[PDB]
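Chemist:
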Amino acid sequence: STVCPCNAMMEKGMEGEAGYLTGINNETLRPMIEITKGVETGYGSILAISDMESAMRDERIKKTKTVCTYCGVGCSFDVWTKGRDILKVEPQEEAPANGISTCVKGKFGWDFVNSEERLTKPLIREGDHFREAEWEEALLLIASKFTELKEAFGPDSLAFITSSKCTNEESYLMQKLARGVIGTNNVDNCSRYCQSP
Amino acid sequence: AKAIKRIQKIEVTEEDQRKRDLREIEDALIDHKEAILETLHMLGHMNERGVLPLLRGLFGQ
Ligand SMILES: CCCCCCCCCCCCCCCCCC(=O)OC[C@H](COP(=O)(O)OC[C@H](O)CO)OC(=O)CCCCCCCCCCCCCCC
Ligand code: SF4
Ligand code: SF4
Numbered sequence: 198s199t200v201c202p203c204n205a206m207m208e209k210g211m212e213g214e215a216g217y218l219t220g221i222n223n224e225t226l227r228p229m230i231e232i233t234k235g236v237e238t239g240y241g242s243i244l245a246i247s248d249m250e251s252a253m254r255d256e257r258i259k260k261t262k263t264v265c266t267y268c269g270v271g272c273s274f275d276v277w278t279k280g281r282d283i284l285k286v287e288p289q290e291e292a293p294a295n296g297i298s299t300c301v302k303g304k305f306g307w308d309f310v311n312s313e314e315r316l317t318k319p320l321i322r323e324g325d326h327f328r329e330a331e332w333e334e335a336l337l338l339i340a341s342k343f344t345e346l347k348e349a350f351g352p353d354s355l356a357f358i359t360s361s362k363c364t365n366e367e368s369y370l371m372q373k374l375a376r377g378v379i380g381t382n383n384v385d386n387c388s389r390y391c392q393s394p
Numbered sequence: 002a003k004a005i006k007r008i009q010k011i012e013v014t015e016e017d018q019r020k021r022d023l024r025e026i027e028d029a030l031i032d033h034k035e036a037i038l039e040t041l042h043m044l045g046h047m048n049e050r051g052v053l054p055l056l057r058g059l060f061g062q
């Protein structure tokens, strides 16, 4: 899909969603294509119109670089989106770790971002359920509980784990909260299971 | 009653005049409720059809 020059081998995410005139139904898009084939005499003018349609796409299509979260190859690619849905994962030749190389995960596995199962609000364990609580009240609850177990049994009885799936800033903030805030050294990640030996 | 000519106009501050004119605009909206609904549907159907996004690409780039 990445190496195809034309739209011959292209992701279904782009199909019917990239531009404005391409979401038209095929039963009513193909006759328009035949009309334009039989109408325009020189490719220059309709090519300019297609360049305008490319500029059209440029506004709605957001192309931002990112690095795949799944595995440690750290392949970097642009993620062509239209609002919130992910249309394409386009690698670039300038990508250091992969260039154009990509796997199924990093190039077609990003539907989890827009998944409805995603936790949009903080959840607090109320009785035997998870109540959708406000951000501020959840923050106050966690802070108060951590202060309680920090000033009762000491910070040494506090242990926090950062995700190896999160950015460097995230793990640095975990370890700073443990040491520069809580005062404990009990921190780890999946690397204890993965890269510690 | 004696002879008095001067008129003490009521002190309508900026807040009161703004509220009165906003109420007038709201009443005008009320008179054209169906028209406003039709125009909102206009925008909705244009945006769904991509006409409004097409113009958004036209005027953004
Ligand atoms: C007296 C009447 C005067 C009218 C006077 C009318 C005056 C107003 C202008 C109307 C035409 C605007 C431009 C429409 C074309 C450009 C935009 C476009 O290409 O947008 C694609 C979209 C595909 O739709 P899809 O849903 O498939 O795709 C949705 C998403 O793109 C993907 O999700 O086009 C449409 O929706 C069609 C819109 C209406 C076109 C009407 C053409 C004839 C108008 C004149 C005759 C009217 C006679 C009425 C009376 C008989
Ligand atoms: S953008 Fe034009 S030239 Fe490229 S694949 Fe699509 S139709 Fe063909
Ligand atoms: S694109 Fe594939 S190989 Fe590259 S980092 Fe993501 S999951 Fe790993």
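Quick mapping for you: the protein sequence lines, in order, are chains A and B. Residues in the first sequence are numbered from 198 upward in steps of one, following full-length UniProt numbering. Residues in the second sequence are numbered from 2 upward in steps of one, following full-length UniProt numbering. Positions of the beta carbon are idealized from the N, C-alpha and C atoms, including for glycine.
1. Just to confirm the assignment: which complete alpha helix (DSSP H) runs, minimum length 4, are found wholly within the stretch 9 to 43 of chain B?
2. Could you name the residues of chain B that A294 of chain A contacts, counting a contact when the two beta carbons are closer than 7 Å?
3. Listing by chain order, which chain B residues have their CB less than 9 Å from the CB of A252 of chain A?
4. How would the residue list near ligand 3 read, in chain order, if you kept each one whose beta-carbon is closer than 5 Å to any heavy atom?
5. Can you look up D325 of chain A in the DSSP assignment and give me helix, strand or coil?
6. For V310 of chain A versus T299 of chain A, is the C-beta spacing smaller than 8 Å?
7. What does a CB cutoff of less than 6 Å around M211 of chain A pick up in its chain, not counting 5 residues either side in sequence?
8. Quick one: which residues of the stretch 239 to 266 of chain A get their C-beta closer than 7 Å to a C-beta of chain B? List them in chain order.
9. Could you check whether the stretch 363 to 380 of chain A touches the stretch 348 to 355 of chain A, counting it as contact only if at least three pairs of C-beta atoms, one from each stretch, sit closer than 8 Å?
10. Is there at least one non-hydrogen atom of ligand 2 closer than 7 Å to the beta-carbon of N204 of chain A?
11. Where do the ends of the alpha helix (DSSP H) carrying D255 of chain A lie?
12. Taking Cβ-Cβ distances shorter than 7 Å, what residues in chain A pair up with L55 of chain B?
13. Compute every distance between the C-beta of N222 of chain A and the non-hydrogen atoms of ligand 1, then say whether any falls below 7 Å.
14. Suppose only complete runs of 3+ residues qualify. What are the beta strand (DSSP E) ranges in the stretch 358 to 394 of chain A, listed by chain order?
15. Note down, in chain order, each residue of its chain lying with its Cβ closer than 7 Å to the Cβ of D385 of chain A, except the 5 sequence neighbours on either side.
16. So, helix, strand or coil for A349 of chain A, using DSSP?
Modeler: Working from what's here:
1. Listed in chain order, they are 15 to 32.
2. One-based indexing of the first sequence puts residue 294 of chain A at position 97. Neighbours of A294 of chain A on chain B: none; closest Cβ ~31 Å, over 7 Å.
3. The sequence position of residue 252 of chain A within the first sequence is 55, counting from 1. For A252 of chain A, the chain B residues whose C-beta falls within less than 9 Å of its own C-beta are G58, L59, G61, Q62, listed in chain order.
4. So the residues near ligand 3 by this Cβ test are A:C265, A:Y267, A:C268, A:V270, A:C272, A:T299, A:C300, A:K302, A:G303.
5. To locate residue 325 of chain A, count along the first sequence from 1; it is residue 128. Here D325 of chain A sits in coil by DSSP.
6. Locating residue 310 of chain A in the first sequence gives position 113, where the first residue counts as 1. Locating residue 299 of chain A in the first sequence gives position 102, where the first residue counts as 1. Between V310 of chain A and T299 of chain A, the gap from beta carbon to beta carbon reaches 8 Å or more.
7. Reading the first sequence from its first residue, position 14 is the one you call residue 211 of chain A. For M211 of chain A, same chain residues with a beta-carbon under 6 Å away, outside a window of 5 residues either side, are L284, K285 in chain order.
8. Taking 7 Å as the Cβ-Cβ cut-off against chain B, the residues of the stretch 239 to 266 of chain A that qualify are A252, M253, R254, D255, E256, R257.
9. Contact between the stretch 363 to 380 of chain A and the stretch 348 to 355 of chain A is present, because at least three Cβ pairs lie under 8 Å.
10. Residue numbering aside, residue 204 of chain A sits at position 7 when the first sequence is read from its first letter. Answer for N204 of chain A: yes, Cβ within range of ligand 2.
11. Reading the first sequence from its first residue, position 58 is the one you call residue 255 of chain A. From DSSP, the alpha helix (DSSP H) with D255 of chain A extends over 240 to 257.
12. One-based indexing of the second sequence puts residue 55 of chain B at position 54. By Cβ distance, chain A contributes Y217, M253.
13. Residue numbering aside, residue 222 of chain A sits at position 25 when the first sequence is read from its first letter. Yes, the Cβ of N222 of chain A comes within 7 Å of a heavy atom of ligand 1.
14. Along the length of the stretch 358 to 394 of chain A, whole beta strand (DSSP E) runs at least 3 residues long occupy 383 to 385, reported in chain order.
15. Residue mapping note: residue 385 of chain A aligns to position 188 of the first sequence, counting from 1. The residues are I358.
16. Sequence index remark: in the first sequence, residue 349 of chain A carries index 152 (1-based). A349 of chain A falls in the helix class under three-state DSSP.
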